[PDB]
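One letter stands for each residue in the lines below.
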Amino acid sequence: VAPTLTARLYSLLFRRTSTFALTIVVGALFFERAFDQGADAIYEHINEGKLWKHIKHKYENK
Amino acid sequence: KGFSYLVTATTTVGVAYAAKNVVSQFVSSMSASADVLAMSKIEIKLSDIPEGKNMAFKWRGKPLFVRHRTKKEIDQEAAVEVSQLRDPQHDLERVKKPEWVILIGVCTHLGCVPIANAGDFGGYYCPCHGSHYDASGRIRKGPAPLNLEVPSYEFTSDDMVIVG
Amino acid sequence: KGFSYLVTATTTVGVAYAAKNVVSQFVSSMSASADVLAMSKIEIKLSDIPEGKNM
Amino acid sequence: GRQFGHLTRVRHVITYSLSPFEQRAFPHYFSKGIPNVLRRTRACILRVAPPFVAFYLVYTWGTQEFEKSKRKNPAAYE
Amino acid sequence: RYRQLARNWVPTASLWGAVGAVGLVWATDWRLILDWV
Amino acid sequence: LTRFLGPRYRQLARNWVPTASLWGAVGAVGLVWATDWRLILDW
Amino acid sequence: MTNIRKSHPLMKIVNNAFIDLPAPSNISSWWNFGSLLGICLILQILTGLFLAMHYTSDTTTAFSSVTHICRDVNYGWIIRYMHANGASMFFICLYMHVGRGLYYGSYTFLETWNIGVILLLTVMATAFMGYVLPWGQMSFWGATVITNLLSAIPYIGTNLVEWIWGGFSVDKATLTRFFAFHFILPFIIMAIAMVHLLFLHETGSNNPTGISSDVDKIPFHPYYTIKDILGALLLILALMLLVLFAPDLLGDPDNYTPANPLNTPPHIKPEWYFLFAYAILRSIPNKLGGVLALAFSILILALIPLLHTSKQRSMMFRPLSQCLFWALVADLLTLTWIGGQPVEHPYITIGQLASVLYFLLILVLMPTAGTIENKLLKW
Amino acid sequence: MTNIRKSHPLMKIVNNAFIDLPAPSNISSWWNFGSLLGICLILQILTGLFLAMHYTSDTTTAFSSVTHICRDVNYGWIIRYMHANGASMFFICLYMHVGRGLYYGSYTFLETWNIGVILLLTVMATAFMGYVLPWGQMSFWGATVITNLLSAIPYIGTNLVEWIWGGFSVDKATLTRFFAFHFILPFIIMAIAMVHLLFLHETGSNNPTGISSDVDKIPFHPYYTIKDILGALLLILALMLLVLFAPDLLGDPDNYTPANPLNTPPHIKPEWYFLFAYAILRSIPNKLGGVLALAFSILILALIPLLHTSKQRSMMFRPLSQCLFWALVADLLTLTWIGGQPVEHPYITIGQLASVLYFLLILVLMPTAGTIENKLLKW
Amino acid sequence: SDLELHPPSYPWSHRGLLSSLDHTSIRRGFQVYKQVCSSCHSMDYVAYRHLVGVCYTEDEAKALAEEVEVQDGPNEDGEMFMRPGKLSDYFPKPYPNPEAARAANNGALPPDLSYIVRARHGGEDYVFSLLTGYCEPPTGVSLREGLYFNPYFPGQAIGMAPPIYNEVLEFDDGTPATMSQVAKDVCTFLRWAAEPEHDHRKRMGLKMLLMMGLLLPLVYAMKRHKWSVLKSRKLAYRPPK
Ligand code: HEC
Ligand code: HEM
Ligand code: HEM
Ligand code: HEM
Ligand code: HEM
Ligand code: FES
């Protein structure tokens, strides 16, 4: 036997609220980045070449 | 215990992401609107000031001095013993072309505008508390701690200087 | 007793007169200005427009 | 949470007072006032007297000295 | 003297503070502090 | 509404009118200073 | 209870902190500054709202706007000068308030003294922003020099000063911001004042003697409501005496000149209420040292509760402290004088000694004097 | 007690109305609108203060100013479109609030009801002046025609419309007034809100069943803090959905046109919150009759307590009122529609019967229905 | 009291929640405004800030903004010595001041296009169906020359010269300049110009939509757990005796 993923997570990070909070701070960080990355990608995909990011070429450095 | 806590824990992170982002937006607005682009590092002058008379221009709410110096002024500034200056700089470290000295016209003491051709060094004199600057914008006497600031600038063709 | 009441009453009257003037002054500034009210009621123009149109 | 029936305990104190309409707002005000005002002021002046004297003396010196330096410079160097 | 009494807190206290300080900056994401990781 | 109405109450109303009557006069005086009717001024 | 108007409405009960509350009997005239302080906030507020009924917040107009308020608008002249003069009062009154709790040990009420301190420094920001609204020479340059004083902070400062200004100088950006903050700080302040009063209603007001008066307590309504009204009477007297006979007298600044960003009054200085701080700031050579020292002048206040050494919260029965107390006020007066002084030798050397004497009086002299007195009494 | 943080500070005890308070168990989702109500008040304010950090209150500039907030200023666009949209929400939320009070008889709390009413009307003023700040064609005219609608009063009116405007029209004078009152109302309103809360805290929250819950009471902290946070989450959702995807959708007015005093959008009308008010005025031929009836629209709220006829403060058990409650709401929707309608036959005739329906529903139908239901229950 | 015709929900790249602006359209459109439209209508809040918004480089738009200050320049603004260079300058006012403007167009006053898509009720649809909508006056109708008949004007008559006509201008790339094809590009530049924040907002909205949805789901679950105990609990009355 081993602790369910949650039980593992629990005893390592959620017993102590100091840890818990630390987690959340960390998480908030990591999460913001992934979300953005993913969620920006997703949104740019839906407008391929519609956005200046796609279109800079034409008049850039000759 | 782990599963119930995780939902709340996952939830806490989500509020923080948005909360950090939401808070940033209100804060961002005060910091930048049109801002520096509208009022920062943009200038163009030369015709207005001539014959050794300093010209002042409104650049980012502050006076920008473009002064056409005489050979005598240039020579006097050359003969200063930098080692005895409170903010030691050689005139040539402050200009690109000796006949032209470009300075942020703000006294480094408390912000007043130094008066050109006044003071004991024919440079500038700040009337607020008596700081005397030489024709190089270097502080020679008074409470100012630093020489007047030198901005970034370049000279294009067709007699012009671009500051910023 | 009457004298005491009278003294209290007198103080109120003085305050009210000042209060009326003070209150009136605050109200007066808000209601109108001699900036605006300079242009009010003062208008003339003629003979510069077509015998036909409407300005 | 009650401020009047709960302040403190007081035993054996009698207080005598009179109504506003029976007395005068000021009883012998000129006579009473001059003594108390005069007596209180002397003690007050002494305790606070030191702070006042220093400020007056320094202000006079500062105005004079600042003015004095500004006033003459040509005579000194020739 | 005082430290011995608060020694348990000191260890526990130390962990919370580092986490809290790091987390605020992390949520804050100030560029200069972050550059180091 | 109905409960308030009573045969007994009348003395209070009579008393109220004077105090009320006196109160009413004050407003006219109060309004008048602000109103500044030329006619009021004429009075 | 039935038909006891007061406790009937719960709301109306809350108001019986004015009428029924235990009030000490003995009680210097000094106390009337709390109430007066609040009259000043209300005055400022009504005035402000009528001024801000005809003001504009732009470079171009501001000046004009104020100028228009004082000329074509009906009774806007007094409203504005009442406004300006008011704020002087507001401060004169505030510094009596602080003196009285510096003297009598009112600051013993830690909680209440920390709200006071918050109050005092909130009112300071409002007065700093409101003076620039007009956009006159003095205003213009004063907000540049002060704000830029913030750029003494090493890492951030610089970026931060530019955020506050909303640009590289003080143009429109900055002037609208001040208008907005000036208008909303006094409304936030009003809630703090009521939070202040809240705490202070839990322990009642101290006295001259410094001893509990629970043995001799008076109804606020009968007595204090008249005293307060009377104190208003005098308060307004001073306001109107100022505003009617000598409008400008107390408003040192004569700069009714539209701001020209190259131009400078060599004599740049905050109004009277800020001079102390100013002088203390110039005494330090280094910029950053000055800013910290500037802060500490004012922020030093919260430390006094810890500094208290004596066993008699009342200065009343303590000579030596009464003597240093007064000096510090006269030192304070000395420092205000330096504020309108050319920054030259004579004043420099004076100010410097004054600045050390202020911190001594607060940080070292008094504390010791407290001990001594205790040991003389054999305490 | 010792080291019970809460009651230690007296101040922090006052905050235990959130955490420790008796809150009924059963409780529709409807009650989250109280809290959200506050949410909106706080969001408008933060938003307002930043916009009023870059807005100017002059004829010339105001349009420009807003235009500049939405273009050159960083994140000024969302702040402004968040502020516009918010106010929609603020009202959408308000009208849920009053619905609930109407339906479950929360309005029994007369004193709380009367504050509510004041609340409602105060916000109403706020919204009317803010929309005029940007000084665009819709705003310009809307102020004239509303304000002028006050000149219906026979003796005074006329003089009085001219005082409010600060002149004969709506030039600068009026424009700066609205800026100042818009700014200061919300602060005053917050005081009211808290006063409202104060009274409500003395009898707690009614329920769908309509019976006391004292026998069932729950921790506000444990349960109702998450509910409220969740409520937010949905509230924000709606506010960003609006603000991000359809910024202008809900802001009927397309008049981004600088106001030209000779020009007129033949279709002049208040916003969605004020749409009902405009419609009420239309059904009456006579001006004065329309102003009275407009006031009575809104002001009729405070009657309902006295109108209550049933023995069950809960409409929940009385079908018939649940039917006429809904109809009023749908009559209210019907009226809102008229608001954006040409004032012609089709709409006239409709509005007129809707304005009678509304007052019947409130004045006469419901009250009778109450009785009936009571008599069918044999009560 | 004349029926007003209303604009189609014309197929736009951006009609959709996530859809965004097509800069090439913007670009094109711009020119249309600048050549076709700068003559009588102004755009005051628009600076020469297309850079990233319109994919025109900084050097590109600097240059584009330089010639506009060389010909229309700050001499019409009040800058006497002004010539080429500056980028803070706003699009050049067709005429000194409004009153003029009406004279040039005989009583009418060319609306500032800055906000026109947003400004006119009915959005870019109306704007496109106005320009592209021009039909023959209706049997038995009279028209003063200025009063051209347009099928989509409130009052059923507008003072508008040939807004746009085939081959009015020419675009760099080679986009076929049809009356309509040009209108599709002109509107778009207006929509982008009218609501600069909106273009950014749609992208933000997508991010906001996902976060809000995720947050909402957790809260419902988080909310349920806290309130679970009251819900889970069943209370059974117990007889006193
Ligand atoms: C030759 C000068 C001229 C040009 C070029 C021009 N317009 Fe106009 N436009 C006018 C005038 C004059 C009016 C006023 C119409 C009226 O008041 O009947 C007008 C009216 C309008 C309207 C009507 C809005 C309303 O309901 O009042 C719109 C939309 C408009 N212009 C947009 C445009 C656009 C987009 C372009 C370029 C593609 C353009 N205009 C080109 C002169 C011009
Ligand atoms: C107690 C807090 C306040 C203080 C200390 C204060 C102080 C000041 C001061 C010192 C000035 C400069 C006037 C001059 O010298 O010309 C000023 C101006 C102004 N204040 Fe206030 N004020 C306060 C509250 C308010 C409030 C509540 C409002 C509006 C609701 C307001 C609105 C204004 C306006 C609009 C001006 C500019 C017009 C003028 O110059 O008079 N102020 N204020
Ligand atoms: C906006 C400014 C302020 C207002 C409106 C205000 C209001 C009041 C009022 C009405 C009282 C009761 C009567 C009195 O004792 O005079 C009082 C007492 C008090 N205030 Fe202030 N206050 C203000 C600023 C301050 C400041 C700046 C401080 C100190 C930092 C302070 C600290 C105190 C203390 C300690 C008391 C209680 C003293 C005692 O009665 O024993 N207050 N305040
Ligand atoms: C719930 C109370 C308030 C409501 C209902 C409200 C509503 C409004 C509305 C409907 C507009 C018109 C915006 C437009 O359509 O362009 C507006 C504008 C404005 N409001 Fe607010 N507002 C409120 C509170 C405030 C506060 C507290 C402030 C200042 C602290 C403020 C400052 C402004 C400013 C400066 C504008 C003008 C620029 C613009 O159009 O955005 N408002 N307000
Ligand atoms: C500024 C606008 C307002 C705010 C922020 C606000 C806020 C609140 C909140 C947070 C609650 C508690 C939850 C609930 O029952 O929904 C509440 C309850 C209540 N409000 Fe409001 N409210 C406002 C306007 C009004 C108005 C205009 C009235 C009536 C004229 C009103 C009357 C009431 C009543 C009677 C209750 C108690 C109902 C009950 O639970 O039995 N409110 N309010
Ligand atoms: S600004 Fe202080 S001496 Fe020049």
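Per the deposited record, cryo-EM is how this structure was determined, to a resolution of 5.4 Å.

Take the overall build of chain G next. From N to C terminus, chain G includes 15 helices and 2 strands. Taking 2.2 N^0.38 as the reference for a compact globule, 379 residues should give roughly 21 Å; the C-alpha atoms of chain G span a radius of gyration of 23 Å, in line with that estimate. With the C-alpha coordinates aligned to their principal axes, the bounding extent of chain G is approximately 65 × 55 × 40 Å. The long-range share in chain G, meaning contacts at least 24 apart out of those at least 6 apart in sequence, stands at 76%.

Further remarks concern the overall build of chain D. Within chain D one finds 1 helix and 0 strands. Taking 78 residues into account, the globule formula puts the C-alpha radius of gyration at 12 Å, and chain D, at 28 Å, lies well above it. Projected onto its principal axes, the C-alpha positions of chain D cover 85 × 40 × 20 Å.

Okay, the sheet that holds strand 6 (residues 131–134) of chain B next. All names here are of chain B. Strand order in the open sheet formed by 4 strands is 4-5-6-7, and the pairing between neighbours is antiparallel. Two strands in the sheet have a free side with no partner beyond their single neighbour: strand 4 (115–116) and strand 7 (139–141). Both strand 5 (residues 122–126) and strand 6 contribute to a ladder of 4 bridges, which runs antiparallel. By the bridge assignment, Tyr-124 is partnered in strand 6 with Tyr-133.

A separate point is the UniProt feature "transmembrane region" in chain D. UniProt records the feature "transmembrane region" at residues 39–67 of chain D, using the numbering of this structure. From the first C-alpha to the last, residues 39–67 of chain D spans 41 Å; its make-up is 100% helix and 0% strand.

What follows concerns the interface of chain G and chain H. Taken together, the contact between chain G and chain H spans 10 residues of the former and 10 residues of the latter. Taken together, the residues of the side of chain G that touches chain H break down into 7 nonpolar, 2 polar and 1 charged.

Another aspect to go through is the packing of helix 11 (residues 272–282) of chain G against helix 14 (residues 319–339) of chain G. The geometry of a pair of packed helices is captured by two quantities: the angle between their axes and the separation between those axes. All names here are of chain G. Axis separation between helix 11 and helix 14 bottoms out at 7 Å; the angle between their running directions is 80°. With respect to helix 14, the element helix 11 is oriented roughly perpendicular. Contacts from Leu-275, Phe-276 and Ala-279 of helix 11 reach helix 14 at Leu-335, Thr-336, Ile-338 and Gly-339. Among the residues making up the contact of helix 11 with helix 14, the classes are represented as 5 nonpolar, 2 polar and no charged.

Moving on to the UniProt feature "transmembrane region" in chain G. Residue and element names in this part refer to chain G. Mapped onto the present numbering, the UniProt feature "transmembrane region" falls at residues 33–53, 77–98, 113–133, 178–198, 226–246, 288–308, 320–340 and 347–367. Taken end to end, residues 33–53 is 90% helix and 0% strand, and its first and last C-alpha atoms sit 29 Å apart. For residues 226–246, the helix share is 95%, the strand share is 0%, and the end-to-end C-alpha distance is 29 Å.

Okay, the sheet that holds strand 3 (residues 100–104) of chain B next. Residue and element names in this part refer to chain B. Here we have 3 strands laid out as an open sheet, ordered 1-2-3, and antiparallel in their pairing. Of all strands in the sheet, those with a lone pairing partner are strand 1 (55–59) and strand 3, marking the two edges. On average, each strand axis in the sheet is tilted by 20° relative to the strand beside it, whichever way the strands run. Relative to strand 2 (residues 62–68), strand 1 runs antiparallel, the two being bridged by 5 bridges. Bridging across to strand 2, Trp-59 finds its partner in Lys-62.

Time to look at the pairing of strand 9 (residues 160–163) of chain B. Residue and element names in this part refer to chain B. Relative to strand 9, strand 8 (residues 153–156) runs antiparallel, the two being bridged by 4 bridges. Opposite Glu-154, over in strand 9, you have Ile-162 as the bridge partner. Taking the residues between adjacent antiparallel strands as the criterion, strand 8 and strand 9 are bridged by 3 residues, where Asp-158 takes a positive phi near 40°.

We now examine the relation of the copies chain G and chain H. Mapping chain G onto chain H calls for a screw motion: a turn of 180° about the axis and a shift of 0.1 Å along it, with 0.3 Å RMSD after fitting. These values place the two chain copies in the arrangement generated by a two-fold rotation axis.

Time to look at the pairing of strand 6 of chain B. All names here are of chain B. Between the antiparallel neighbours strand 5 and strand 6 lie 4 residues, among them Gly-130 with a positive phi of about 80°. The pairing of strand 6 with strand 7 spans 2 bridges and is antiparallel. Note on strand 7: the bridge partner recorded for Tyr-133 is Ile-139. Two successive antiparallel strands, strand 6 and strand 7, enclose a turn made up of 4 residues, where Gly-137 displays a positive phi of approximately 85°.

Positive phi, normally seen in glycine, also occurs at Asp36(F), with a value near 55°. Tracing the chain through its elements places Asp36(F) in the loop between helix 1 (11–35) and helix 2 (38–42).

So, about the packing of helix 1 (residues 23–37) of chain I against helix 6 (residues 179–194) of chain I. All names here are of chain I. For the pair helix 1 and helix 6, the least separation of the axes is 7 Å and the interaxial angle reads 100°. Between helix 1 and helix 6, the crossing angle belongs to the class labelled roughly perpendicular. Between helix 1 and helix 6, the contacting residues are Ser-25, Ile-26, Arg-28, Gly-29, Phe-30 and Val-32 on the first element and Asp-185, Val-186, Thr-188 and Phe-189 on the second. Class assignment for the residues of the contact of helix 1 with helix 6 results in 5 nonpolar, 3 polar and 2 charged.

Once contacts are tallied for each of the 13 pairs of chains in contact, the highest total is for chains G and H. With respect to C-alpha atoms, chain D approaches chain H no nearer than 11 Å, and the pair has no contact. Without any contact between them, chain E and chain H keep their closest C-alpha atoms 18 Å apart.

Turning to the environment of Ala144(B), a few remarks are in order. Residues and elements named next belong to chain B. Secondary-structure assignment places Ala-144 in the loop between strand 7 and strand 8. In the structure, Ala-144 is positioned 18 residues away from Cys-126 in sequence and 9.3 Å away in space, judged by C-alpha atoms. Ignoring anything within four residues of it in the chain, the contact list for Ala-144 reads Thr-108, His-109, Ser-131 and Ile-139.

Reading guide: rules and limits
- Residues numbered from 1 in each chain as written, not as in the entry; some residues may be left out.
- Chains lettered and ligands numbered in written order.
- Part of a larger assembly, values for the part shown.
- Heavy atoms only, no water.
- Residues with missing side-chain atoms left out of burial classes, pairs and counts.
- Helix = DSSP H or I, 4+ residues; strand = E, 2+ residues; numbered from the N terminus.
- Rg over C-alpha atoms; globule rule 2.2 N^0.38 Å.
- Contact = heavy atoms within 4.5 Å.
- Pairing = 2+ DSSP bridges.
- UniProt positions renumbered as here; feature names shortened; annotations may be inferred.
- Nonpolar A, V, L, I, M, F, W, Y, C, P; charged D, E, K, R; others polar.
- Axes fitted to C-alpha atoms, helices over the stretch in contact; angles between N-to-C directions.
- Parallel < 35°, antiparallel > 145°, perpendicular 65-115°, else oblique.
- Least-squares fit on C-alpha atoms.

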